[PDB]
Structures are given as structure tokens and as C-alpha cells.
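Enquirer: Can you keep this structure in mind? I'll have questions shortly.
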Amino acid sequence: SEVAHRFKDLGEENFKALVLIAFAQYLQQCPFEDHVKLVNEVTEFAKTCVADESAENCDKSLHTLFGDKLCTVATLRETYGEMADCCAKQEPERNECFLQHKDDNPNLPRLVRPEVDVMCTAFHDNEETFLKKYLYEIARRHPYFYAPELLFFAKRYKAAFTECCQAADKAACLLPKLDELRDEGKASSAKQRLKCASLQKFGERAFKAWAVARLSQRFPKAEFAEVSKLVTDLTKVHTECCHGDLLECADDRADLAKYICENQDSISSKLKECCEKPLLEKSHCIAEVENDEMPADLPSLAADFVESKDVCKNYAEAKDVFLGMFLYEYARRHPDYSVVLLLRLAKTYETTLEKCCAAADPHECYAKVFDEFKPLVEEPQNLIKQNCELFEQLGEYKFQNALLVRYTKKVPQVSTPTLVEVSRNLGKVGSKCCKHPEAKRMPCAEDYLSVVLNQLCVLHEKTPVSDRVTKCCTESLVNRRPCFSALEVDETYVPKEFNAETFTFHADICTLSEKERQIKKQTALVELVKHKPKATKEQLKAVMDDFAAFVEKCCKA
Ligand SMILES: O=S(=O)(O)Oc1c[nH]c2ccccc12
Ligand SMILES: O=S(=O)(O)Oc1c[nH]c2ccccc12
């Protein structure tokens, strides 16, 4: 009984949380109550299997088991049309179909949170359901949220209430903590969405290269065979979480935190504070631990990778390992480079070897490969410098607007909401990274940009309208950012005419949150640029201002 095993390892509480998260991520439109019923029903079943490891159907894979309870509510086609086609399928296909149906932009009501009092009463009255509702709401809106970590957020959510409700000014104590949480949860969801996209659209080999680079940067002292071990386990974890095998992912993720803390000494002298913590805070702390100090006596890379004469042979013998070693070595000594840049470099090296080791004067051919790296390293450098400069002088809002204009002109066909969100996110990269000194700017900026452009790529892939987005999103995971940066203006784009129905003006615009005014004016700016692609940085201000001024007078007259 697979359930039995997982049950013993996670216990009842966490086991019940993971199953709810998994159902909420599969049937996103399904009501809360309905889910809870299925969960209990499944939990008890696991309980009867905990005793007689051969009852009714305890010798069934989780997929088989969960794929059945869901098909006892999804059958209702009038409710989840396509979902049903899935249940008519067999296994393991029955599972794939569901995964093909996860919705990155579920049409749902924005979670409005009542006054502090209503919440505190609800929390105090019944803690388990309050907590469960949170898990369900987050899970259905982010069908790829890293389950293990969602458990950690739930703990932080509980602790927020546990204290604010008891204190003097609850309002001022709760909101801040929940703001902090709403943001961090969106961030977390976006990063994980990139990991699943990597695994699902490009293959585990791409995910593995991403982890080697990232871990080597974080554990410069660790040994390649060690990093490689960590990378292999980490791959399985995410492979499972992304595929919906939430129980094993959580279970497997515990082991990794276990393993890493035991071997603390030979990995990083920074895990200390992480390892003397509870399970969930442990997993979490390790994932975000800062880079260790770089081993002081590290020989030039040129030695073993360009000057040596055994390059082609070692390459020939096992290119994967040799390429992995190149990345690990280059990465460990460049915590100042972004993970994607290191991957582009590793890609340039592999490409240079493929050609060079074919000619009969190898060493001479691949002798100046590091000169091919210079251009690749300064492009991101210039990009960041130029954009952080702009950011400093304009501030977040004005910067987001400049980006809205930039991107609408690049890919005008993209839906106004996606453009607005993506561009605001791109603007937050300016706020999060330009702060840092040049040494920490690139990993901050470019890896954050990869996360944000990944959103654009999954939102657009649902309803493709720009072959230019499609091309930049599917050609290569690592060159996405450079691909988008290179686009200027779509010259074949035919402008849109007018339509007052395109942008209603319901007076409810002097009543909405300040933040929501901006999002309205930005939604207007995008529509404006779509009508006048050729308009200019001069006239665009003229129509935005007057437009702002317009809503000013109007609102107070
Ligand atoms: O700032 S980063 O550390 O680069 O953010 C991260 C990206 N991918 C990650 C996987 C595990 C832990 C942290 C991660
Ligand atoms: O090619 S872009 O997407 O315009 O590059 C960028 C968008 N937002 C950024 C913030 C900081 C540095 C570079 C940025």
C-alpha cells in the first residue's frame, strides 16, 4: 500500500493538507466543501489500509486512488466540461489529461478579505477549517505552487493570526503580515512555475544544468560529485511536485533536507542556522541560504578547459560529465553571474567543442573560446546598467510605464491584461535589484526577468496570437531574455481603431484603490499604444498626462 507508506512518513495533519492541495490544483473550479469531503474519505481509507495492508484497494498507486475520488465529482460535465473527457480515460493517461488541464489563469473572484474581526472570530472558532480554506484558495489560483512550501506558508499564516488577534491594534498588526505573505506567495509561485516549465517543456537535462549552476554558486566548497548528488535528488523532488505526485515530493524533500544537514560540513558553512530548525523551516531556510565564501585557492579554468590537450578526449569520453564539470567550476567562482548567463556560456563551450574537435587542429581551434564569452557577459551587464539608470530617475511607476510602452510595441498582439501584469512585474525587478551593487545585480535582475518572462510564456501559450512570443518562448529556455530584448517593434502589425467598449469608464474610478487607478491608466496606455504603435515618447506623455488630468477634474466636479 503506497498510501500506507506515505501516511506513516507524513502523519495525518500534513497528509491531509497535501491531498487537499492536490485536489484543489486538479479541480480548480470545484467548491471547498466538496473537496474536504473527498479528502476525509481518502484519509480514512488510508487509515483502514494502515491496518490491513491488503484491504479493498490499498495495492493501488496514488494516481489511481486520487484519480477516482475526483472522478466522483468531475463527471458533472455541465460543471467542468473538458475535465470529464479525462475521467473517461484510463490510467496512467487519466492523470496526464488532468495535468494538461491545469489552468494558470483561472477565472476566479479576487479574494476580498473582510474586517479583522470577522477573520479573528472565524480563526478562533474553528482553526482547522480557517487554515484549510487558505490552503485551498492559494492552491486553486496557483496550480503549480510548490506543495511542501505551501505548508510552510500555512504555518506562517496561522502564526500571524495566533498573535495579531490577541494583540491591541489587530488591524495594524495583521494586514502587514498578510501583505508580506501575499507577495512572497506570488513570488514563490512564479519561481516554481519556471521550474515546472523547465522540466515539462525542455526536459530534465535542462533542469539539471540549471541546478548544477545554481548549487555550485551556492556551495563553492562542495565537491562536484556532491553537487551532482544534490542535483539528482532535487530533480526528482521537483519532477514529482510538478507532475502532481505531491506526497512523495514532500516526503522526498524531507530526506534531502535530512541528508544536507547531516553532511553540513562538506557542503556549506552557512546551513548552520537552517539545520537547527523544524522540518518546514529547515527545508525553506536551505533553499534560500546565501552563497558560501569562495574557496581561496582556485586555479584558472583555462588550465583544464582550454590549454589542456585532453579536452576533446574527455569531451568525447563522456560529454555530459565533462560539460557538467565545466559548469560547476565556472559557476562556483562566479556568484556575480546570473544562472542563465552561465548556461549560455556552457552552451557556447559545448558548441565550440563540437566543431573544434572535428577539425584536425583542435587545440588551435578552441584556443580562443573565452574571447567568445566576452560579448555574452557584457550584454546583460549593459542591459542592467541602462535599465537601472532609467529606473533610478523615473521611480517604479514611471519605469513600469516605460516598459509597458516598450513591450506593447514589441508584441502588440498580446492581450492587454497579460501585457499590463507582465510589465508591472518587469518593473518590480527594477525595485528589487537596482538596489544592490554591481556584484549582485546580474543574478538578481536576469534570473528574476526569466521568472517574469516565463509568466508571459505560459499565459500566452493558452491563447497564442504572437508568433514572435512563441518563437522567443520555445526556441531556447536560456536565451529567452536576450530574444525579447532584441525585439524592437513589430513592423507587420496593423493598428487597432477606436471602440469605447474596449475601455468602459464606469464612474467607479474615483472610488478604487490608488494602486487600482494606476492599473487603469496603464491599461489605457497599452490600448493607446495598440492604436498608435508609431506614436512617440513625446506624445505618449501628452496623452497620458491629459488623460490623468482628465480623470482628475472629472472625479472632482
Ligand atoms: O535567488 S535564488 O536562490 O536564485 O532563487 C531560487 C531559484 N531557484 C531556486 C531553487 C531552490 C532555492 C532557491 C532558488
Ligand atoms: O529587456 S528588458 O526586459 O526591458 O529588461 C528589463 C526589464 N526590467 C528590468 C529591470 C532591471 C534590469 C533590466 C530590465
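Residue names in the C-alpha cells use chain letters A, B, ... in the order shown, residue numbers from 1 in each chain, and ligand numbers from 1 in the order shown.
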Give me the residues near segment 408-424 of chain A as a VMD selection string, where near means some atom within 9 Å (using only C-alpha atoms) and where sequence neighbours in that chain fewer than 4 positions away do not count.
Expert: chain A and resid 396 to 397 399 to 401 403 to 404 428 452 to 453 455 to 456 459 to 460 464 to 466 468 to 469 484 487 to 490 493 495 519 522 to 524 526 to 527 529 to 530 533 to 534
Enquirer: At a cut-off of 10 Å, using only C-alpha atoms, what residues contact residue 438 of chain A? Leave out same-chain residues fewer than 3 positions from it and give the result as a PyMOL selection string.
Expert: chain A and resi 336+381+384-385+433-435+441-443
Enquirer: Have a look at A:382, A:100, A:268, A:217 and name the one nearest to residue 446 of chain A; count only C-alpha atoms.
Expert: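 Residue with the minimum atom-to-atom distance to residue 446 of chain A: A:382.
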Enquirer: Report as a PDB file with N, CA, C and O atoms, in the first residue's frame all protein, DNA and RNA residues lying within 10 Å of residue 198 of chain A, evaluated on only C-alpha atoms, omitting residues in the same chain fewer than 3 positions from it.
Expert:
```pdb
ATOM      1  N   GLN A 192       8.491  28.648  -8.929  1.00  0.00           N
ATOM      2  CA  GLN A 192       8.186  27.243  -9.155  1.00  0.00           C
ATOM      3  C   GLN A 192       7.578  27.023 -10.550  1.00  0.00           C
ATOM      4  O   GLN A 192       7.820  25.992 -11.193  1.00  0.00           O
ATOM      5  N   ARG A 193       6.794  27.988 -11.041  1.00  0.00           N
ATOM      6  CA  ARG A 193       6.200  27.794 -12.367  1.00  0.00           C
ATOM      7  C   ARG A 193       7.307  27.665 -13.416  1.00  0.00           C
ATOM      8  O   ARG A 193       7.169  26.932 -14.384  1.00  0.00           O
ATOM      9  N   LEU A 194       8.412  28.376 -13.214  1.00  0.00           N
ATOM     10  CA  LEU A 194       9.541  28.298 -14.135  1.00  0.00           C
ATOM     11  C   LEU A 194      10.181  26.910 -14.070  1.00  0.00           C
ATOM     12  O   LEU A 194      10.510  26.305 -15.110  1.00  0.00           O
ATOM     13  N   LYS A 195      10.322  26.373 -12.854  1.00  0.00           N
ATOM     14  CA  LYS A 195      10.902  25.032 -12.679  1.00  0.00           C
ATOM     15  C   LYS A 195      10.060  23.978 -13.365  1.00  0.00           C
ATOM     16  O   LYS A 195      10.582  23.096 -14.035  1.00  0.00           O
ATOM     17  N   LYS A 201       8.584  21.528 -20.487  1.00  0.00           N
ATOM     18  CA  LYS A 201       8.729  21.889 -21.903  1.00  0.00           C
ATOM     19  C   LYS A 201      10.109  21.601 -22.488  1.00  0.00           C
ATOM     20  O   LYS A 201      10.209  21.293 -23.663  1.00  0.00           O
ATOM     21  N   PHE A 202      11.162  21.693 -21.673  1.00  0.00           N
ATOM     22  CA  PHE A 202      12.524  21.478 -22.148  1.00  0.00           C
ATOM     23  C   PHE A 202      13.258  20.200 -21.719  1.00  0.00           C
ATOM     24  O   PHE A 202      14.303  19.884 -22.286  1.00  0.00           O
ATOM     25  N   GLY A 203      12.745  19.473 -20.729  1.00  0.00           N
ATOM     26  CA  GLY A 203      13.406  18.238 -20.326  1.00  0.00           C
ATOM     27  C   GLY A 203      14.219  18.313 -19.048  1.00  0.00           C
ATOM     28  O   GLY A 203      14.659  19.382 -18.647  1.00  0.00           O
ATOM     29  N   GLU A 204      14.429  17.169 -18.404  1.00  0.00           N
ATOM     30  CA  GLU A 204      15.181  17.154 -17.154  1.00  0.00           C
ATOM     31  C   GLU A 204      16.630  17.570 -17.336  1.00  0.00           C
ATOM     32  O   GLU A 204      17.251  18.117 -16.426  1.00  0.00           O
ATOM     33  N   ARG A 205      17.177  17.334 -18.509  1.00  0.00           N
ATOM     34  CA  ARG A 205      18.542  17.733 -18.745  1.00  0.00           C
ATOM     35  C   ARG A 205      18.705  19.254 -18.596  1.00  0.00           C
ATOM     36  O   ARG A 205      19.725  19.739 -18.103  1.00  0.00           O
ATOM     37  N   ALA A 206      17.692  20.019 -18.995  1.00  0.00           N
ATOM     38  CA  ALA A 206      17.764  21.486 -18.871  1.00  0.00           C
ATOM     39  C   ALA A 206      17.610  21.870 -17.399  1.00  0.00           C
ATOM     40  O   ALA A 206      18.278  22.777 -16.907  1.00  0.00           O
ATOM     41  N   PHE A 207      16.727  21.178 -16.690  1.00  0.00           N
ATOM     42  CA  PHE A 207      16.563  21.464 -15.274  1.00  0.00           C
ATOM     43  C   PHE A 207      17.879  21.139 -14.546  1.00  0.00           C
ATOM     44  O   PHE A 207      18.341  21.909 -13.713  1.00  0.00           O
ATOM     45  N   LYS A 208      18.481  19.998 -14.873  1.00  0.00           N
ATOM     46  CA  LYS A 208      19.735  19.571 -14.228  1.00  0.00           C
ATOM     47  C   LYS A 208      20.868  20.564 -14.424  1.00  0.00           C
ATOM     48  O   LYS A 208      21.639  20.826 -13.492  1.00  0.00           O
ATOM     49  N   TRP A 210      20.439  23.664 -14.924  1.00  0.00           N
ATOM     50  CA  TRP A 210      20.073  24.836 -14.133  1.00  0.00           C
ATOM     51  C   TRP A 210      20.481  24.589 -12.658  1.00  0.00           C
ATOM     52  O   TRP A 210      21.060  25.459 -12.006  1.00  0.00           O
ATOM     53  N   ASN A 454       8.747  34.052 -18.026  1.00  0.00           N
ATOM     54  CA  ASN A 454       8.154  32.708 -18.082  1.00  0.00           C
ATOM     55  C   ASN A 454       6.610  32.802 -17.937  1.00  0.00           C
ATOM     56  O   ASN A 454       5.877  32.010 -18.530  1.00  0.00           O
ATOM     57  N   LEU A 477      15.293  27.912 -23.759  1.00  0.00           N
ATOM     58  CA  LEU A 477      14.992  28.391 -22.435  1.00  0.00           C
ATOM     59  C   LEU A 477      15.968  29.477 -21.998  1.00  0.00           C
ATOM     60  O   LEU A 477      15.598  30.541 -21.499  1.00  0.00           O
TER      61      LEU A 477
END
```
Enquirer: Give me, please, the distance in Å between atom CA of residue 507 of chain A and atom CA of residue 557 of chain A, quoted to one decimal.
Expert: 12.3 Å
Enquirer: To check your reading of the model: which residues sit at most 8 Å from ligand 1 when counting only C-alpha atoms and all ligand atoms? Write the answer as a ChimeraX atom specification.
Expert: /A:191-192,195,211,214,286-290,339,443-444,447
Enquirer: As a ChimeraX atom specification, please: every residue in segment 55-123 of chain A that DSSP puts in alpha helix (DSSP H).
Expert: /A:62-69,81-87,93-100,116-123
Enquirer: Store the residues picked out above, limited to N, CA and C atoms, as a tab-separated table (two decimals), in the first residue's frame.
Expert:
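And here's out21.tsv as it stands now:
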```
chain	number	residue	atom	x	y	z
A	62	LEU	N	-1.14	6.01	-5.93
A	62	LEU	CA	-1.85	7.21	-5.52
A	62	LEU	C	-2.64	7.76	-6.71
A	63	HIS	N	-2.00	7.84	-7.87
A	63	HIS	CA	-2.66	8.36	-9.05
A	63	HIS	C	-3.98	7.64	-9.29
A	64	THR	N	-3.96	6.32	-9.16
A	64	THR	CA	-5.16	5.51	-9.35
A	64	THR	C	-6.21	5.89	-8.31
A	65	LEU	N	-5.76	6.06	-7.07
A	65	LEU	CA	-6.66	6.41	-5.98
A	65	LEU	C	-7.25	7.81	-6.05
A	66	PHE	N	-6.41	8.82	-6.26
A	66	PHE	CA	-6.89	10.20	-6.32
A	66	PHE	C	-7.69	10.43	-7.60
A	67	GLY	N	-7.26	9.77	-8.67
A	67	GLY	CA	-7.94	9.91	-9.95
A	67	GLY	C	-9.34	9.34	-9.94
A	68	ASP	N	-9.70	8.66	-8.85
A	68	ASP	CA	-11.03	8.07	-8.74
A	68	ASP	C	-11.97	8.96	-7.94
A	69	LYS	N	-11.51	9.43	-6.79
A	69	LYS	CA	-12.33	10.29	-5.95
A	69	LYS	C	-12.71	11.55	-6.72
A	81	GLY	N	-16.74	20.84	-18.01
A	81	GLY	CA	-16.79	20.19	-19.31
A	81	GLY	C	-15.64	19.28	-19.69
A	82	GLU	N	-14.52	19.87	-20.10
A	82	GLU	CA	-13.36	19.11	-20.52
A	82	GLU	C	-12.86	18.11	-19.48
A	83	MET	N	-12.86	18.51	-18.21
A	83	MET	CA	-12.42	17.64	-17.12
A	83	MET	C	-12.97	16.23	-17.25
A	84	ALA	N	-14.24	16.12	-17.62
A	84	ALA	CA	-14.90	14.83	-17.76
A	84	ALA	C	-14.24	13.91	-18.78
A	85	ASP	N	-13.94	14.44	-19.97
A	85	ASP	CA	-13.28	13.65	-21.01
A	85	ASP	C	-12.15	12.86	-20.39
A	86	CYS	N	-11.49	13.49	-19.42
A	86	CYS	CA	-10.38	12.89	-18.70
A	86	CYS	C	-10.75	11.62	-17.96
A	87	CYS	N	-11.84	11.68	-17.20
A	87	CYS	CA	-12.32	10.55	-16.41
A	87	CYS	C	-12.76	9.38	-17.27
A	93	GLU	N	-2.97	7.54	-18.23
A	93	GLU	CA	-3.47	8.66	-19.03
A	93	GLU	C	-4.44	9.55	-18.27
A	94	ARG	N	-5.31	8.93	-17.48
A	94	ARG	CA	-6.29	9.65	-16.69
A	94	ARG	C	-5.63	10.81	-15.92
A	95	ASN	N	-4.36	10.62	-15.55
A	95	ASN	CA	-3.59	11.62	-14.82
A	95	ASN	C	-3.07	12.73	-15.74
A	96	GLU	N	-2.45	12.34	-16.86
A	96	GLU	CA	-1.92	13.31	-17.81
A	96	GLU	C	-2.96	14.34	-18.21
A	97	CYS	N	-4.11	13.85	-18.67
A	97	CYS	CA	-5.23	14.67	-19.09
A	97	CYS	C	-5.50	15.81	-18.09
A	98	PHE	N	-5.55	15.46	-16.81
A	98	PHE	CA	-5.79	16.44	-15.76
A	98	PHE	C	-4.69	17.48	-15.75
A	99	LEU	N	-3.45	17.02	-15.82
A	99	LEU	CA	-2.30	17.93	-15.81
A	99	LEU	C	-2.33	18.85	-17.02
A	100	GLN	N	-2.83	18.33	-18.14
A	100	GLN	CA	-2.91	19.11	-19.36
A	100	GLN	C	-3.97	20.16	-19.15
A	116	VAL	N	-10.81	42.76	10.16
A	116	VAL	CA	-10.01	41.93	11.06
A	116	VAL	C	-10.87	41.04	11.97
A	117	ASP	N	-11.91	41.62	12.55
A	117	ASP	CA	-12.80	40.92	13.46
A	117	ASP	C	-13.41	39.63	12.93
A	118	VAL	N	-14.04	39.70	11.77
A	118	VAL	CA	-14.66	38.54	11.17
A	118	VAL	C	-13.66	37.39	11.06
A	119	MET	N	-12.45	37.73	10.63
A	119	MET	CA	-11.37	36.76	10.46
A	119	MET	C	-10.97	36.14	11.79
A	120	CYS	N	-10.64	36.99	12.75
A	120	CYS	CA	-10.21	36.52	14.06
A	120	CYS	C	-11.24	35.63	14.76
A	121	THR	N	-12.52	35.91	14.53
A	121	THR	CA	-13.61	35.13	15.11
A	121	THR	C	-13.62	33.75	14.42
A	122	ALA	N	-13.57	33.78	13.09
A	122	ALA	CA	-13.56	32.59	12.25
A	122	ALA	C	-12.36	31.71	12.56
A	123	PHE	N	-11.20	32.34	12.72
A	123	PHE	CA	-9.97	31.64	13.05
A	123	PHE	C	-10.12	30.96	14.43
```
Enquirer: Taking only C-alpha atoms and all ligand atoms into account, report as a list in words which residues have an atom no farther than 6 Å from an atom of ligand 2.
Expert: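 Residues lying within 6 Å of ligand 2: residues 383, 384, 387, 388, 426, 427, 429, 430, 445 and 485 of chain A.
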Enquirer: Suppose we keep N, CA and C atoms; can you now write the selection as a compact mmCIF listing (two decimals), in the first residue's frame?
Expert:
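Contents of the output file selection37.txt:
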```
# COMPACT_ATOMS: atom_id res chain seq x y z
N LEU A 383 22.72 45.87 -20.35
CA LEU A 383 21.29 45.90 -20.19
C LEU A 383 20.87 46.39 -18.80
N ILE A 384 21.40 45.75 -17.76
CA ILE A 384 21.08 46.09 -16.38
C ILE A 384 21.44 47.54 -16.01
N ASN A 387 19.03 49.95 -17.79
CA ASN A 387 17.69 49.97 -17.23
C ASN A 387 17.61 50.41 -15.78
N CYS A 388 18.66 50.17 -14.99
CA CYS A 388 18.64 50.59 -13.60
C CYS A 388 18.86 52.08 -13.53
N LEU A 426 7.89 43.23 -14.56
CA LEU A 426 9.21 43.58 -15.08
C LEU A 426 9.72 44.80 -14.40
N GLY A 427 8.78 45.67 -14.01
CA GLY A 427 9.16 46.90 -13.34
C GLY A 427 9.57 46.64 -11.91
N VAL A 429 11.30 44.26 -10.94
CA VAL A 429 12.67 43.76 -10.97
C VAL A 429 13.57 44.97 -10.74
N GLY A 430 13.15 46.12 -11.25
CA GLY A 430 13.93 47.32 -11.06
C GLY A 430 13.99 47.66 -9.57
N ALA A 445 18.65 40.56 -11.19
CA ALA A 445 17.89 41.00 -12.35
C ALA A 445 17.56 39.96 -13.38
N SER A 485 14.71 41.00 -25.51
CA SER A 485 15.44 42.25 -25.53
C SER A 485 15.77 42.69 -26.94
```
Enquirer: Could you check which of A:472, A:158, A:515, A:151 is closest to residue 126 of chain A, using only C-alpha atoms?
Expert: A:158
Enquirer: Need to verify the contact set: residue 309 of chain A, 7 Å, only C-alpha atoms, exclusion of same-chain residues closer than 2 positions in sequence. Can you return it as a PyMOL selection string?
Expert: chain A and resi 307+311+363
Enquirer: Just to confirm, what's the straight-line distance from atom CA of residue 297 of chain A to atom CA of residue 219 of chain A in Å (one decimal)?
Expert: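 If I compute the distance from atom CA of residue 297 of chain A to atom CA of residue 219 of chain A, I get 15.2 Å.
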Enquirer: Which residue out of A:90, A:479, A:235, A:431 has the minimum interatomic distance to residue 347 of chain A when only C-alpha atoms are used?
Expert: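 Comparing A:90, A:479, A:235, A:431 against residue 347 of chain A, the winner is A:479.
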Enquirer: Counting only C-alpha atoms, which of A:329, A:233, A:282, A:37 gets nearest to residue 304 of chain A?
Expert: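 Checking each candidate against residue 304 of chain A, we get A:329 as the closest.
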Enquirer: Expressed in Å to a single decimal, how great is the separation between atom CA of residue 374 of chain A and atom CA of residue 330 of chain A?
Expert: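 So the two atoms, atom CA of residue 374 of chain A and atom CA of residue 330 of chain A, lie 14.1 Å apart.
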